[PDB]
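Step one of this worksheet: look at the structure below.
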Amino acid sequence: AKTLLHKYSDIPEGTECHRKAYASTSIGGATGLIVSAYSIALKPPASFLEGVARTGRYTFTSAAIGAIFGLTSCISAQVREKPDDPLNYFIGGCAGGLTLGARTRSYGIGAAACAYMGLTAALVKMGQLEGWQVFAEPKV
Amino acid sequence: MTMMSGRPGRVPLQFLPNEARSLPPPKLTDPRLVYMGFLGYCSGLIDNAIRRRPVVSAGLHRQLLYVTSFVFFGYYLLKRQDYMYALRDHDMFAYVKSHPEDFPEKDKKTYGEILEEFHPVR
Amino acid sequence: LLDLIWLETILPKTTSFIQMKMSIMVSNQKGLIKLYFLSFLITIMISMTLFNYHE
Amino acid sequence: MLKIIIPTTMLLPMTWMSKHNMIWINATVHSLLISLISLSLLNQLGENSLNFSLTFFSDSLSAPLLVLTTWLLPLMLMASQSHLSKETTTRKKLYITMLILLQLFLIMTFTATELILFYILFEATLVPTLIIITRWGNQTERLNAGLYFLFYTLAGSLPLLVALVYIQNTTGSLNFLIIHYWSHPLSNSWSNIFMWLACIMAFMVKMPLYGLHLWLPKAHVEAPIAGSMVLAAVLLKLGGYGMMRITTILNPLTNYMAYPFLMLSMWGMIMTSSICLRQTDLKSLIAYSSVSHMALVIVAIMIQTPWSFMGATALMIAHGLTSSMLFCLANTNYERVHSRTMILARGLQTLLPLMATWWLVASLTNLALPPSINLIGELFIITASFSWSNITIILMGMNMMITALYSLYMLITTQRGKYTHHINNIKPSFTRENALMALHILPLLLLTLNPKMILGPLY
Amino acid sequence: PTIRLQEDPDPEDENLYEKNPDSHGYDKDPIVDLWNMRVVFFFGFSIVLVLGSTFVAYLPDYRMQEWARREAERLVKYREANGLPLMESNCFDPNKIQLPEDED
Amino acid sequence: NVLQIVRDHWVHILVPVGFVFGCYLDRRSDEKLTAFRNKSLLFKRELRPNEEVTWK
Amino acid sequence: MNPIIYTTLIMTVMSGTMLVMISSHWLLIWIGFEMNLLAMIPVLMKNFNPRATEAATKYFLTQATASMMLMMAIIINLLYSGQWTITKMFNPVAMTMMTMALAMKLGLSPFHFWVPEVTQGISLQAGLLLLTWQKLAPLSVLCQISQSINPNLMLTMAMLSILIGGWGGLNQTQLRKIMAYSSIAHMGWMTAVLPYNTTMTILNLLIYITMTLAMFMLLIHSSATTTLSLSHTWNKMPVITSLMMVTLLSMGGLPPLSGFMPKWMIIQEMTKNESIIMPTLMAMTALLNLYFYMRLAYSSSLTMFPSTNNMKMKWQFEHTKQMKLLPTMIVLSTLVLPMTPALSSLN
Amino acid sequence: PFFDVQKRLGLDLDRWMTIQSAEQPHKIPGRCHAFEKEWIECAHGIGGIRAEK
Amino acid sequence: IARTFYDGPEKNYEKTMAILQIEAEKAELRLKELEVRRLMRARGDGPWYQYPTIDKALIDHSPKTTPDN
Ligand SMILES: CCCCCCCCCCCCCCCCCC(=O)OC[C@H](COP(=O)([O-])OCC(O)COP(=O)([O-])OC[C@@H](COC(=O)CCCCCCCCCCCCCCCCC)OC(=O)CCCCCCCCCCCCCCCCC)OC(=O)CCCCCCCCCCCCCCCCC
Ligand SMILES: CCCCCCCCCCCCCCCCCC(=O)OC[C@H](COP(=O)([O-])OCC(O)COP(=O)([O-])OC[C@@H](COC(=O)CCCCCCCCCCCCCCCCC)OC(=O)CCCCCCCCCCCCCCCCC)OC(=O)CCCCCCCCCCCCCCCCC
Ligand SMILES: CCCCCCCCCCCCCCCCC[C@@H](O)O[C@H](CO[C@H](O)CCCCCCCCCCCCCCC)COP(=O)(O)OCC[N+](C)(C)C
Ligand SMILES: CCCCCCCCCCCCCCCCC[C@@H](O)O[C@H](CO[C@H](O)CCCCCCCCCCCCCCC)COP(=O)(O)OCC[N+](C)(C)C
Ligand SMILES: CCCCCCCC/C=C\CCCCCCCC(=O)O[C@H](COC(=O)CCCCCCC/C=C/CCCCCCCC)COP(=O)(O)OCCN
């Protein structure tokens, strides 16, 4: 829910990297749980233990991606002394993409994920800076 | 969000309030009406072609009825559209007149007093 | 190397590959009401908490 | 300017009411008359534009483009009637209808006073072109070529639509005169950077910019001859026209957002010129030539100087004429031997001398021999780039040498040597083909005689 | 049948010179082809090309090149005689410009 | 005998008629933008003893 | 089935929809939905076969669940405010359940699985009815409560509908399933602009209904339900294939065709709010619908597929039944963009 | 969407049952008749947005 | 050529003036309409964005078999 989002976003950028990584790991784990729930519903795994294995695999993948993204993003922000710079989010996104590539054992997936997650995270940082709204409230 | 659904004095299924009679009707040579007649003529041609009839010559009464019907509907459509736009402008002007604080007319400045930054192209 | 392979690889071939994979993922359902009614239950529960608990 | 629009709309029922054996004659005669009428648009002013109404206006940048469109229609008609002889009457009329609709959309695009109307027409030009390519092409690659042509264009053009409606909600107008008079600088923020990209990428993909040009060889090779003519001569210039129009509101952000596109244009100019040196298909060579020349035009528009704008206008007109002529020259040999491979039919100067003369003149204008308007545009752009930075001359210099090399390579491979022994079906050149080449080439030199008519509004 | 489909054979191409040794390449019908040649030549070379080039050559000077030249001659004459500078760096009179009060 | 000639070559008047109609419509469009006729600071002029409007 | 009984059932379907549209009481709206469903179930089984029976069963189960949730949301709203009038819906949980129930009725993603299946399992006339008339009541109810709607849920479901419609349509060779995925994407477009302007929702609904009617009537005219059976129509009626090609182009959203108008107006309306990212994604995604419309146009009109010998016998006979409104539907589907400012009469 | 046929023809198809303060049989009152009456009277004719505040 | 095919510069000059006036007024009107729509939807005190409320004429003002309603 938005409680996790607020827990992540309340901490300043280049401070307390361990807490930010923990919040990112929680967000990733929640996303992975939802993904595994939908996957099990639409694609039954033929065995309870197999369903547990698939849930654990998806959840661990997502949690690891989130943890890596948060850790490297915060570390870069505090090392460069440059908060509010999208390049930190780009680095975190590429690190998460390379984590996904290592997790699926595929070089092409790793490279594509690095590029796309880095670009998406940088875009999210730009949106936070400039006030871009994904779901604008009706104004007129 | 519905802007005009509940405007006071609106009659539910009227399509043409009596207030609309105070506006000049569209001219019968209005280019929009001519385009509606063109749409009716195209419908007649397509009707001829689908039924495997000579496209241009098959039914002149049918083509005339098509053009006439499209023009007839378009006239009232244009009247209603113009009425709605007149209503919108009337409401806009009344609201601006009744809320002077939200629409201030500030002092005019000539270009000889406004400092604009110059960006060279080189 | 560039015009026939990599410029092709990055923009149009990647787009085609991704769209085809997602089309295969989305469109390949067995048509069993059990599975996607379970999906409906998951959606309903998520919806109350994710968007409904926050008003 | 309804005195030009209405006669084309009348070309439509004139074609659909003609006898089965007079469609080409009627279409050609009335297309030529419409071109003569459009010739009156060249009487332009020195300070403002001709403001015909609230909807249409004519500048010194769009008048030569309109004249080029109206002049290109009859040439396409003459070039098409050879290979469409076995077609039924209804399908021939539909082909002519597609060409007429394309001309009408192009004529309205170059004179629209608002940016949204310009967008709607510049996007409506897609349907006739796609239909022509995918219906009257020869090989099975035409379907893929149509898909590439469609989606490359739309993926660039839709963000432009979003940006345009946003700009109208912000400033209250999209009318070009109001936009010009009430111009305000763009700050340096991520929102403004993405607005710049949305306003620029559609025109970039139309040119097309190097790395975004893969659709062009497919579409220009797989199309019929009239499709290739109008794709190379007019439809590529939509990007340049739109970019010179839209750059009015992009300052001072362009001062640094132009760097990646400038580097892409110069290096990809070198690359496409080099690609022309090893090409087995004669039409793909002409397509890559178009890419190189358009890269030069992109550079000129991006550096934003009066000399660069003059050079861009002149180069666009000259390239349209030259590339259309080259495509027709290649189509003659294709119709003779039914193959596009360049080294199949050789020594053609022995068999067709006058066609060899036409080949020589076309390839001389391709390499920008002075004092052709090709060279006038190229030299203006080179001078503007040199003022921008003295190191561009090296890249520009390399391009000039390479262009000459591949142009004369094409000429020597096709015309000189010894004729292939097994090919015995090379009939003499028809009067129609010679008239087509003459009507391509004579206006080029006539325009050289009076070059201020193609130098744009910055003159 | 060891075939896949019923199809017409690919036909040989027709030579317009066979039935018309002077064929002009416009149509198979000699009369229509001759008149197509005639209308193309007359309306392309005789009408649009030559007459249009003459019209463009004799277009009136709406670009105001000669007017500008004469105006500049008048201005140079007046400024040279009076001892005034030929040209001024500022194109706008500073009396109508109001700079900001403070620069500190 | 002109019946067949007319029925074979009546498609030759569509384009000139469209041209003259476009000229007429352009004149009509110009007729609706005279709000500043003889009113600009650069071209404001006293009327001649006979003429009514400075341009049409 | 007796023609009199069929006409009575059709009028009962329309009576339920009109009762939904004219009522002021939540109970009467629920009754209208019940009556509409009760009359609609037999129309889906008019041509009896196992596939039609399966389609009817799936439709009944989905719609009965949706109406149960609808009634529960009404009762919760009554509990927290003793109001039966259809208004701003004073309770948020009730509004969430109401939104989910109406989305289930419309077939918006995540609850979009039933639409391809029911459309493929019934006849083309039943599909025409299901994909045109059955959208009116839930959309009208959504329009009447648009102020209390939560944008985050509605916009999420709309974007999911556009994405899933495009992706699912990419994979189909059956024409009814293609139509169903197209319907899903257009429903997404309709519901994306609902919290901002209901006039745009109505305009998009009308244009979509016109294009869908034209497409279904063209498909009924040339009795094709698969891509390969539609590939034969050129050798029997080429005019039908040409008109279908132009209508398919219009459905794609290419200017200057009428299909482009709703997307254009919705993008403008969303940029009148802040809302920049969402229209950009929506257009980029509608490119997928354009892709599979273009593939259908390639297969049926722009190339000629091989035919069979027995088509010669069909050449000798004409179409007996004639659809009187098909030419007007085609013209309205294609050549209506210049009349865009007439949408002001919709509000 | 909503076609106010009842308002146009003056029919009262279902408005009689919408609120608790509207003409019950034998004049039996709702438990919260006065509160609903006051809320309705206070919010009548000012529109939904103004009324909520 | 000038006498036969073209007019003087003043015609184009003043037509441009008229066009510019019309377009500027339209732009100002568009901006003003957007602002008015924003204010009306925010405050709900204008003719636009009026949402239905229960009719007061539905209330029965009769003795209710109990003195306290
Ligand atoms: C418009 C004009 C034109 C533009 C468009 C055209 C040009 C751009 C597109 C074309 C090139 C882009 C392609 C990217 C790589 C594609 C990978 C791929 O296709 O995977 C599927 C494909 C399928 O593989 P699979 O099915 O998963 O398994 C079978 C494997 O093949 C079996 O694998 P294996 O057993 O043979 O060994 C694989 C192993 C070992 O590979 C080998 O066996 C041989 C050793 C090769 C490794 C090279 C690393 C050491 C040399 C680097 C020296 C310096 C770099 C140059 C810069 C100099 C600066 C002055 O590689 C690794 O373990 C990877 C670990 C990471 C080390 C390499 C990555 C370095 C990142 C570059 C940093 C650049 C930052 C910016 C710098 C700015 C200053 C200029 O993967 C491969 O087979 C290729 C493996 C190697 C890929 C990494 C090479 C990196 C190339 C440079 C990337 C820069 C471009 C992207 C920049 C944007 C990103 C944010
Ligand atoms: C923007 C500015 C204004 C433009 C407006 C928009 C465009 C024009 C209006 C569009 C609608 C009007 C026509 C609708 C009915 C056409 C249906 C048809 O089949 O026509 C055949 C029909 C020939 O049939 P027939 O004469 O009975 O005997 C021959 C057999 O039927 C032999 O027939 P068959 O069936 O055996 O032949 C088979 C053939 C049959 O297939 C077709 O004929 C295709 C026709 C489809 C109709 C178009 C769809 C609906 C309209 C949407 C247009 C969208 C335009 C926007 C841009 C997008 C481009 C698509 O199929 C094929 O060969 C397959 C070829 C594949 C090519 C795919 C391209 C098709 C789409 C192209 C549409 C372009 C616009 C219309 C083109 C003109 C059509 C006549 O054509 C005509 O003769 C009628 C056309 C001329 C009527 C207007 C003349 C007015 C009177 C003259 C005086 C003018 C007054 C001036 C006032 C001043 C005083 C002097
Ligand atoms: C194949 C051909 C395709 C067509 C080519 C299109 C060209 C697009 C390139 C865009 C040009 C510039 C875009 C943004 C302008 C500056 C870029 C940035 O790197 O510069 C620095 C930006 O700093 C860092 O680089 C932050 C950006 C890092 C994240 C961006 C991701 C780049 C990774 C490469 C992905 C490939 C993109 C293209 C996809 C195909 C400047 O520092 P800063 O002053 O702080 O930012 C200026 C903006 N301010 C003033 C509002 C603050
Ligand atoms: C086959 C055998 C060939 C060889 C034999 C040939 C024999 C000799 C004939 C060759 C002529 C030699 C050329 C020498 C130049 C003399 C002509 C020149 O003096 O005229 C120019 C005039 O040339 C014209 O201005 C240029 C022609 C315009 C070209 C437009 C082309 C027509 C439209 C066709 C379609 C358009 C397609 C392209 C779209 C943009 C001068 O311009 P200008 O300095 O002012 O005149 C000053 C006096 N004025 C102003 C009062 C008139
Ligand atoms: C086939 C190749 C063609 C590819 C072309 C695609 C690239 C197009 C460029 C990006 C288009 C999206 C821009 C959106 C339109 C701009 C309008 C605008 O100005 O909006 C900005 C907001 O700008 C944005 O939101 C844009 C964010 C981007 C969202 C979508 C990302 C698309 C992909 C990004 C990277 C790709 C772009 C470059 C690609 C180069 C070509 C390959 C102002 O909004 P406000 O909120 O009011 O500002 C102040 C108040 N906060």
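Chains as they are written, first to last, in PDB author numbering: chain V, 2 to 141; chain g, 1 to 122; chain l, 552 to 606; chain r, 1 to 459; chain e, 51 to 154; chain n, 3 to 58; chain i, 1 to 347; chain h, 2 to 54; chain a, 121 to 189. A virtual CB, placed ideally from N, CA and C, is assigned to each residue, including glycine.
Terminal residues of the alpha helix (DSSP H) in which i/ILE207 lies: 198-221
Candidates r/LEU126, r/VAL127, r/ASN424: closest to r/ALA345 by CA position: r/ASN424
Proximity of i/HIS221 and i/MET323 at Cβ, strictly below 8 Å: yes
Identity of the residues DSSP links to r/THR248 by a beta bridge: r/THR248 is not bridged to any residue.
heavy atom of ligand 5 below 7 Å from r/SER191 C-beta: yes
Pocket of ligand 4 defined by Cβ to heavy atom distance under 7 Å: r/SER35, r/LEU39, r/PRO64, r/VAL67, r/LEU68, r/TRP71, r/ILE317, r/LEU321, r/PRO443, r/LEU446, r/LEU447, r/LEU449, r/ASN450, r/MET453, r/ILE454, e/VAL98, e/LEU99, e/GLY102, e/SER103, e/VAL106, e/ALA107, e/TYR108
Delimiting residues of the alpha helix (DSSP H) encompassing r/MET410: 392-415
Alpha helix (DSSP H) runs contained entirely in the segment 7-47 of chain r, provided each spans 4 or more residues: Runs of alpha helix (DSSP H) with 4 or more residues, each lying fully within the segment 7-47 of chain r, are found at 23-38, listed in chain order.
Heavy atom of ligand 3 within 7 Å of V/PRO87 beta-carbon: yes
Cutoff 8 Å; reference V/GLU82; Cβ partners in own chain excluding five residues on either side: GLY15
Host alpha helix (DSSP H) of g/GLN63 (start-end): Note, g/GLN63: alpha helix (DSSP H), 60-98.
Nearest-angstrom Cβ-Cβ length linking i/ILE267 and r/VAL165, presumed shorter than 8 Å: 6 Å
Residue environment, a/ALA147, which counts as buried when at least 16 other CB atoms sit within 10 Å: buried
Cβ of h/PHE36 within 8 Å of any chain g Cβ: no
Chain i contacts from the segment 170-182 of chain a (Cβ-Cβ distance under 9 Å): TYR171, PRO172, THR173, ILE174
At least 3 beta-carbon pairs within less than 8 Å: the segment 212-222 of chain r vs the segment 275-291 of chain r: yes
Cβ-heavy atom distance, r/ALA233 to ligand 2, below 7 Å: no
e/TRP117 Cβ short of 7 Å to ligand 1 heavy atom set: no
C-alpha gap between V/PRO84 and V/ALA78, whole angstroms: Going from the Cα of V/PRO84 to the Cα of V/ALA78 covers about 5 Å.
Same chain only: Cβ atoms within 8 Å of a/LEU151, ignoring 5 sequence neighbours per side: none
Chain h within 8 Å of a/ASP165, Cβ atoms only: yes
Identified DSSP bridge partners for r/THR109: None, per the DSSP bridge assignment.
h/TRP40, enclosing alpha helix (DSSP H) - first and last residue: Per DSSP, the unbroken alpha helix (DSSP H) holding h/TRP40 starts and ends at 34-44.
The segment 183-191 of chain i in contact with the segment 155-163 of chain i per 3-pair CB rule at 8 Å: yes
Touching by the beta-carbon criterion (3+ pairs, under 8 Å), the segment 102-111 of chain r and the segment 65-85 of chain r: yes
Cut-off 6 Å between Cβ atoms - residues of its own chain near r/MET243, not counting five sequence neighbours on either side: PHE203, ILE301
Contiguous alpha helix (DSSP H) assignments of at least 4 residues, all confined to the segment 138-200 of chain r: 142-171, 176-181
Assigned exposure category for i/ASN47 - 16 Cβ within 10 Å defines buried: exposed
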